[PDB]
Each structure stands twice: as structure tokens, then as C-alpha cells.
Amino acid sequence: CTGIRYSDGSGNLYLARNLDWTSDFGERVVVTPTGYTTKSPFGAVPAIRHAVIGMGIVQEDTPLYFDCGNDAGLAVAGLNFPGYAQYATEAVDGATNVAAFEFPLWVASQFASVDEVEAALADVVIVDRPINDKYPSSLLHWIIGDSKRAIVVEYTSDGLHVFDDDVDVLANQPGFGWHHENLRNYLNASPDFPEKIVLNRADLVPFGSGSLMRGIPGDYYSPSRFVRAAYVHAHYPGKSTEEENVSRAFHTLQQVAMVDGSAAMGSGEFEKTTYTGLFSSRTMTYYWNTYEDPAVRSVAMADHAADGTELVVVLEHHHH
């Protein structure tokens, strides 16, 4: 999985991710309205302050989000981090104790900006408290973004780490500081076109575009996707329309997507981009496409009872 955060220069947030896996999870768009009665193990989510829309599943009358955005312009995505993620084994008195499964719900239902959730994270403990035993307990890290900036949250054996994500991307393991340092191994990667190099007495001109992009890796490994996504995302020109910004998400994530046959997991099955999802605060809409159909589908929070009392598992969508 790879996630990205960006804006349009006019205060609107776009946060998008690939869900890469060897099978699909049965996920749907889920709306969590402001009147929903929460089921928060340690009271971190006492009520829904901001309505939430995103992709996930419902278990135990609880929304389990893979990624989601709220009606105040804040969004979050959870990505796999096994080997590094290690949550607290118990809640701590006085802390804001957040069960891992509800961490995205906590971010999006409680806060309206990265400043606010960053301030709240000063007291957070993320607890290994599974929703139930139907899936292996999660081992995740998260990217959180608003129109201004992104942060990355990693909870490991030495506790909570919050990073300034100044490249606005996230992939999988290892930890964020490792990937950020690794960017320093690609300082000669550039989109620029050189007209002529002389090497010794050889006049060398490019075959075409991309001659100084050489070195950006094309493989599916997590550190490689981080570098490749950081390059493509940094260099994509800012856009001012909803349509060009939707197109930016899907093109950028297609550059780090996984297709059949190219990389196996230990099972021997091939990892593939099962869906690509985008939250837009400008239109309070969740957009997505899937491995089987690249056409973009969408769900607008304005079409659903976001002031209602029940989780809405959305069955109808626009533009396909």
C-alpha cells in the first residue's frame, strides 16, 4: 500500500491510497454520522463530532476504516507495518487510550485539523484491543492530513512517534525515519531534459524524456515505492480544479500500483492493487476504482444521513 496527501492551493484536502493485497476484503464505503452511539473501549471516541466517510467494514456495530475523511477537511489512512508496529498491551490511566481498530475513527470523528490531532497525540496510547478474533490483530501505521500538511503516526516497541511528513507520502515498513533518510540516496533524480553531456570526448544526448530520472526504482518493494511515490508526488504540478485533482490521485497511485504476476507474497500469491481510494474535502466525496474496473466511482457525503443515528453502509454510487 502507498498513500499520498496534497492540496489545491485553495484550502482543499486530497488524501488517497492504494490497497495492495492478495485478495479483497469486502470493503464498502461507510458513513459514520454525528448521531451514532459510539462503542469506544476506553472512551477515546465518546461521540461523533465530525461526520466521517471512507472505505472499510462494519463489525460489532463499529466502523473499521481502512482510510477516511471527515466533514471538517481532515483525513487518515492506515497501512500495514508488521515487524515494526507494536501497540501497548493495556490502557494507561490518564492517557487518551485508543484501540488500534478505532484509530482512524478517532482521528476523523474528533478533530478538524492536523494541529488539533497532533496536540491530542501528546497523550495518546494505542492499545492492542482487538475488535474480535475474526482477523489477525492489526499491525498498522497511519498517515494523517489536512489541506496544510501531513503527519505520520508509528507506535512501536518504544512508544509513540509522530513525524512531519514533508514528502506527503507513506508506504509500508521500515519506519518513517528510515525512508526519509533513504531519500538522500536519490539526489540526482530529476525530470529535467539535458541537451548535451560530454563524457571524455563522447557527445551524449538523451534518447528522449527521463534521462535524469535514472535511478528511481521500479520494483514493488516498500522502500522502492516510498522513493518512487515521493518523486512522482513531489513533481506533479499543482492543480486548481476538482477534476484535475481527482485525476492527479489516480495517476500518481497508478505509478506505484501492483499488477498481477510481478511480485509474490510468501504464500506464492501475487500482490495487486485491489482498490485505489481518494477523499476530497472540496466536494466531501469519496472516489475509488478497482483492479477489475478503472472507471472512477464516487459517493458524496451530502447524499447520506450524516446527521443520522446509524452507520450507513453505502450501496449506491455515482459515475459507473
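The first residue of the shown sequence is 1; numbering continues from there.
The deposited model assigns a higher average Cα B-factor to 31-39 than to the other stretch when 248-256 and 31-39 are compared. Look at the mean CA B-factor for 114-122 and for 226-234 in the entry; the higher one is 114-122. The PDB entry assigns its highest CA temperature factor, among 242, 219, 165, 128, to 128. Considering 88, 76, 212, 169 together, the PDB entry gives 88 the largest C-alpha B factor. In this PDB entry, residue 149 carries a Cα temperature factor that places it within the middle third of its chain's modelled residues.
Annotation for residue 1: CA B-factor lies in the middle third of the chain's modelled residues. When the modelled residues of the chain are ordered by their C-alpha B factor, residue 51 lands in the middle third. The PDB entry assigns residue 273 a C-alpha temperature factor belonging to the lowest third of its chain's modelled residues. Residue 98: CA B factor lies in the middle third for its chain, per the PDB record.
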